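Read off the chains here:
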Amino acid sequence: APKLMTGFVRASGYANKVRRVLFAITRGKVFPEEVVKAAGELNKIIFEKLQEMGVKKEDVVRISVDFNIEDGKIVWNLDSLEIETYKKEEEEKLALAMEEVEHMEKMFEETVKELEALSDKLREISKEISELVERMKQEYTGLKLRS
Amino acid sequence: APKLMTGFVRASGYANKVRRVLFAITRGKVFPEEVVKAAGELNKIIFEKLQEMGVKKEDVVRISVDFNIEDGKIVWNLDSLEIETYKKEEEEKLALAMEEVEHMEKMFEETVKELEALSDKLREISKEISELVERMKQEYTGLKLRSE
Amino acid sequence: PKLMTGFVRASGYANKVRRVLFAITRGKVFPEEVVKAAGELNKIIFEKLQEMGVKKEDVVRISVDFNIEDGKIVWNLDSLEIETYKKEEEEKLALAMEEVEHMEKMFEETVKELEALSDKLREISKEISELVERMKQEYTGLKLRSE
Amino acid sequence: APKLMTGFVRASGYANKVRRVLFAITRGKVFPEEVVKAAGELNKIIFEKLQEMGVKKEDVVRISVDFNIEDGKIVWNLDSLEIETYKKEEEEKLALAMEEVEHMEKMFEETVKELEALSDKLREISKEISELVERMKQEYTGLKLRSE
C-alpha cells in the first residue's frame, strides 16, 4: 500500500509540497491531469482539517497518507491520513529553517521560468526549421513530401 | 489569368520540375495536399501526350499552361496547355546540360536528406527538453502547469 | 557584502557555501575564482568545525563578510561566525535538514538528465551549423565564413 | 589523377561554380581557406583568359583543369587548363537554358540565407541553454563543474 509523505513543510506551501511529491511518486503510472485533480481533492481536505487544528501561515506541518492507483485513478483511504502540527512558538528554530526552505524554492522558481523561456524560444526555432526543410523539399527537390 | 511555365527541363525529371514550380507560384494561397494532387493530375495528362509525341527520356521539353484558383482549389483549362519538344540528337549540346543539371539536382537531394535527418533529430530534443521542463515544474515548483 | 548559509546539515555545508557564493557574486567574479575562494574558506571551516566536535548529522549556521577586490574574493576571517546545533538537542530540526539533503541530492539527478539533453542539443546544433555552411560552399555563390 | 570540371555554366556564374566544384571534389582533403584562396587564384587566371576569348556575360563556358593535393595545398597544372566557349547566337537555345539555371540557383540562395538565420538563432539558444544548465549546477547542486 503506497504512501505519500511530505515531511517537514511550512504550512504556507504545504499544498504545493503534497502535489510536488504526488507527481514524483506516481510518475509514469498516471496522467498528469489525474495527479492535479487528486492532489487538489486531498489538499482541500487537509486545509479544512488544518483549520480545525488552528494552524497559522508560519507554522510547520507534516503529512502522511496512503493511496492506491486503480485503473488510472488515485484513491486514498482518508482515514490512513495523519497530520502532525508544530506551532512556530514552540519550535522557533525549525520554523525559521522552514521559511528558508520556502524562500529558496521561490528563488528556484525564477530559474525555471528562465529555462522555460529558452526551451520555448527553441521549440519555436525547431518548428520553423523543420517546417522550412519541408518547404525546400517541395520547391527544390522531387523527394517524398509530407502530404 | 496567371500561368505556370517550366523552362528547359530534361524529360527524365519533367514530373518533378512541374511540381517544384507549382508550389512556388502558389505559396500561402493553396494547400500542399491540393497542390500535390493537381501536380500529379496535370503531369499524367502530359504523360499521355508525351508517349503520343514519341519522346524519349534523354530529351528536353518546355511546358506552359494557364491556371486559376477557385476557393483554394486548383483549376486549369487544358486547351491552354502547350508542350514544346526537343530531340536529343538534334541539340546534342543542349541535352547534355539538362543531364548535368539533373545529376547535381539529385546530388542535392542527398544533402537535403541529411538536413532532414538533422532537423528531426533536433525536433526530438526540442520536445524532450520542453517536456522535461514541465516535469521539473511539476516536481519542484508551485508554478502553474500545462495540466491544471 | 555578506554570505550567510542559514540552517544546513553539516554534511552538505560545503556545498551550501559555494552554492550561495555563486549566487551572491554572479557576474562580478569569474567562476574559477568562486570555487577557489569557496574551497579556501570551506577548509577553514572544516578545521574550525572539528575543534568544536561536530558530527555529520548536526546542523550549522555560517556567516562571513567578504569583499570583491580587483576580481578576487577576500574575507576577513574575524567577521566569520559559526552556530552549531547537536542532533541530540534539535532532533526535530536535524531531521528536517536531512530531509532537505535527500531532496537536494534527488534534484542533482534531474539536472544531470537536463545537461544530458542540452549536450545532445549543442551537438546537434554544431552539426547543423556545420552542415548549413557546407551547403553554402557547394550550392551557392554566397559569402562563406572563411573569406 | 584528380580533374576539376564545371560542365555547362553561364559566363556570369563560372566564378562560383568552379569554387563550388572545388569544395565538393576536395571534401575533407583541404581546409576551406586553402580552397577559397586556390579557387580565387585560378578564377582570376581564367578571367584573364576569358577576356582574351572575348566572352560576353550571356555566353556559356565549360572548364576542365588538372590539380594535385600537396601537403594540404591545391596546386594545378595551369597548362592543363582547357576552356570552351559558346556564344549566345550560336546556341541560342542553350544560352537561355543556362540563364534559367542561373536565376534558379539565385532563387535558391535566398532560402539557404533564411536557413542560415535559423541555424544561427538556434546555435545561440543552445549556448544560452547549455550555460543556464551550468549556472544551475553551481547554484543549486553540489555536482562537478566546468570550473574544477
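Residues numbered from 1 in each chain as written, not as in the entry; some residues may be left out. Chains lettered and ligands numbered in written order. Heavy atoms only, no water.

What the entry reports as its method is X-ray crystallography, with 3.50 Å given for the resolution.

Per the PDB entry, chain B goes by ssDNA binding protein and derives from Pyrococcus furiosus.

Going by what the PDB entry lists, chain A is known as ssDNA binding protein and is assigned to Pyrococcus furiosus.

Let's shift gears to the overall build of chain A. The secondary structure content of chain A amounts to 3 helices and 5 strands. Of the regular secondary structure in chain A, the N- to C-terminal order runs β-β-α-α-β-β-β-α. A globule of 147 residues ought to have a C-alpha radius of gyration of about 15 Å, yet chain A, at 23 Å, is considerably larger. Judged by the C-alpha coordinates and their principal axes, chain A covers about 75 × 35 × 20 Å. Residue burial in chain A is summarised as follows: out of 147 residues, 48% are buried. Within chain A, residue pairs in contact and separated by at least 24 positions form 69% of the contacts whose partners lie at least 6 positions apart. When the accessible surface of chain A is totalled, it reaches about 7800 Å², and 52% of it is carbon and sulfur. (Helix = DSSP H or I, 4+ residues; strand = E, 2+ residues; numbered from the N terminus. Rg over C-alpha atoms; globule rule 2.2 N^0.38 Å. Buried < 20%, exposed > 50% of the residue type's maximum accessible area, 1.4 Å probe, protein only. Contact = heavy atoms within 4.5 Å. Areas by Shrake-Rupley, 256 points an atom, 1.4 Å probe, with all protein chains shown as cover.)

Attention now moves to the overall build of chain B. Along the backbone of chain B there are 3 helices and 6 strands. Mapped in sequence order, the helices and strands of chain B form the string β-β-α-α-β-β-β-β-α. Its C-alpha atoms give chain B a radius of gyration of 23 Å, clearly above 15 Å, the size a compact globule of 148 residues would have. Based on the C-alpha atoms only, the size of chain B along its principal axes is roughly 75 × 35 × 20 Å. Counting all 148 residues of chain B, 47% fall into the buried class. Put simply, chain B has 26 plus and 32 minus side-chain charges, and the middle of one group is 3 Å from the middle of the other. (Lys, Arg positive; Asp, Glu negative; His and termini not counted. Charge placed at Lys NZ, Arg CZ, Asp CG, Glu CD.)

Once that is clear, we can look at the UniProt feature "coiled-coil region" (unreviewed entry) in chain B. UniProt's entry tags residues 87–139 of chain B with the feature "coiled-coil region" (unreviewed entry), counted in the numbering of this structure. When the span residues 87–139 of chain B is considered, its composition is 91% helix and 0% strand, and the gap between its end C-alpha atoms is 71 Å. (UniProt positions renumbered as here; feature names shortened; annotations may be inferred.)

A few words on the pattern of salt bridges. Considering all chains together, one arrives at 45 salt bridges over all chains under this definition. For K136(C), the salt bridge goes to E133(C), with nearest N and O atoms at 3.2 Å. With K136(C) and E133(C) both in helix α3 (residues 91–139) and 3 residues apart, the pair spans about one turn of that helix. Summarising the burial analysis for this pair, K136(C) and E133(C) share the class buried. One network of salt bridges, in which partners are shared, links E133(C), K136(C), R145(C), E116(D) and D120(D). (Salt bridge = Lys/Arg side-chain N within 4 Å of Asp/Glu carboxyl O.)

What UniProt calls "coiled-coil region" (unreviewed entry) maps, in this numbering, to residues 87–139 of chain A. Its end C-alpha atoms 71 Å apart, residues 87–139 of chain A is made of 91% helix and 0% strand.

On to a positive patch on the surface, then. A contiguous patch of positive charge on the surface is contributed by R122(C), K126(C), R123(D) and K127(D). Of all the secondary-structure elements, those providing two or more residues to the positive patch are α3 of chain C together with α3 (92–140) of chain D. Secondary-structure assignment places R123(D) in helix α3. With relative accessibility at 37%, the residue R123(D) sits in the partly exposed group. (Patch = residues over 30% accessible without salt bridge, like charges linked within 9 Å, V, L, I, M, F, W, Y side chains within 5 Å.)

The interface is formed by 16 residues belonging to chain A together with 15 residues belonging to chain D. With both sides pooled, the region where chain A packs onto chain D buries about 1600 Å², and carbon together with sulfur makes up 82% of that total. The interface formed by chain A and chain D holds 0 salt bridges in total. At the surface where chain A touches chain D, the tally comes to 6 residue pairs in polar contact. For the side of chain A that touches chain D, the residue count by class is 11 nonpolar, 2 polar and 3 charged. (Buried area = accessible area lost by both parts, 1.4 Å probe. Polar contact = N/O pair within 3.5 Å; in protein donor to acceptor, adjacent residues only side chain to side chain. Nonpolar A, V, L, I, M, F, W, Y, C, P; charged D, E, K, R; others polar.)

Let us now look at a negative patch on the surface. On the surface, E58(D), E89(D), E90(D), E92(D) and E99(D) cluster together into a patch of negative charge. Among the structural elements, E99(D) can be located in helix α3.

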